[PDB]
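What follows is one structure encoded as structure tokens, with my remarks underneath.
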Amino acid sequence: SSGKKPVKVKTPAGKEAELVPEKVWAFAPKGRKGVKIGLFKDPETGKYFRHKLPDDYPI
DNA sequence: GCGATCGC
DNA sequence: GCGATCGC
């Protein structure tokens, strides 16, 4: 699923930024809450990277 | 170790 | 086929 709300994240390049993830999903084992993961693209470098989403972010 | 996802 | 993403 795509996202729409921006997320505050630290790019691989070190800069803080507000980015709309291209994909989001839940990442959890059986019996545990786990985390939500977003797939982001650093607009300066063009590189993709993953980052934790806030617990209330809509999947 | 468990979970999903995809660019590389 | 794997790295890297986190909290348990």
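So that the names make sense, note that chain A is the first sequence line, chain B the second, and so on, each numbered from 1.
A distance of 13.5 Å separates NZ in A:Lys10 from NZ in A:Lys15, rounded to the nearest 0.5 Å. Interatomic distance, A:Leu39 CG to A:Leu53 CG, rounded to the nearest 0.5 Å: 10.0 Å. How far NZ of A:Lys23 is from OG of A:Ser1: 9.5 Å, rounded to the nearest 0.5 Å. To the nearest 0.5 Å, the span separating NZ on A:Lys41 from CG on A:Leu19 amounts to 11.5 Å. With rounding to the nearest 0.5 angstrom, the NZ atom of A:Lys33 is 15.0 Å from the CZ atom of A:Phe27.
The neighbouring residues C:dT5 and C:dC6 do not form a stacked base step, as their six-membered rings are not both less than 5.5 angstrom apart at the centres and less than 30 degrees apart in plane orientation. Not both conditions hold for B:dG3 and B:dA4, whose six-membered rings lack centres under 5.5 angstrom apart with planes under 30 degrees, so their bases do not stack.
Residues from residues 4-20 of chain A that place a heavy atom under 4.0 Å from any atom of DNA chain B: there are none. Within residues 39-49 of chain A, no residue approaches DNA chain C, by heavy-atom distance under 4.0 Å.
Put simply, the side chain of A:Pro12 does not reach to within 4.5 Å of the side chain of A:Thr45, judged on heavy atoms.
Between the CZ atom of A:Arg32 and the P atom of B:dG3 there is a distance of 9 Å, rounded to whole Å. In this structure, A:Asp55 atom CG and C:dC8 atom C1' are separated by 13 Å, rounded to whole Å.
Legend: residues meeting ring-ring contact (aromatic ring centres under 6.0 Å, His included) with A:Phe49, ordered by chain and number and at least two apart, are A:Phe40. Looking at residues two or more places apart in sequence or on another chain, you find a side-chain contact (heavy atoms from CB on, under 4.5 Å) between A:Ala13 and A:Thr11, A:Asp42. For A:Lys52, the side-chain contact (heavy atoms from CB on, under 4.5 Å) partners at least two apart in sequence or on another chain are A:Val35, A:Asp55.
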Derivation and outcome, side-chain contact (heavy atoms from CB on, under 4.5 Å), residues A:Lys36 and A:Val24: CA-CA 7 Å; A:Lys36 311 192 179 188; A:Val24 305; over 6 Å; no
Distances under 3.5 Å between protein N/O atoms and the N/O atoms of nucleotides 4-6 of chain C, please, pair by pair.
from  : atom 1 : to      : atom 2 : distance (Å)
C:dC6 : OP1    : A:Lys52 : N      : 2.8

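Residue contacts for A:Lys33: at a heavy-atom cut-off of 4.0 Å it reaches no nucleic acid atom on any strand shown.
The backbone N or O of A:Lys5 sits less than 3.5 Å from a side-chain atom of A:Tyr57, completing a donor-acceptor pair.
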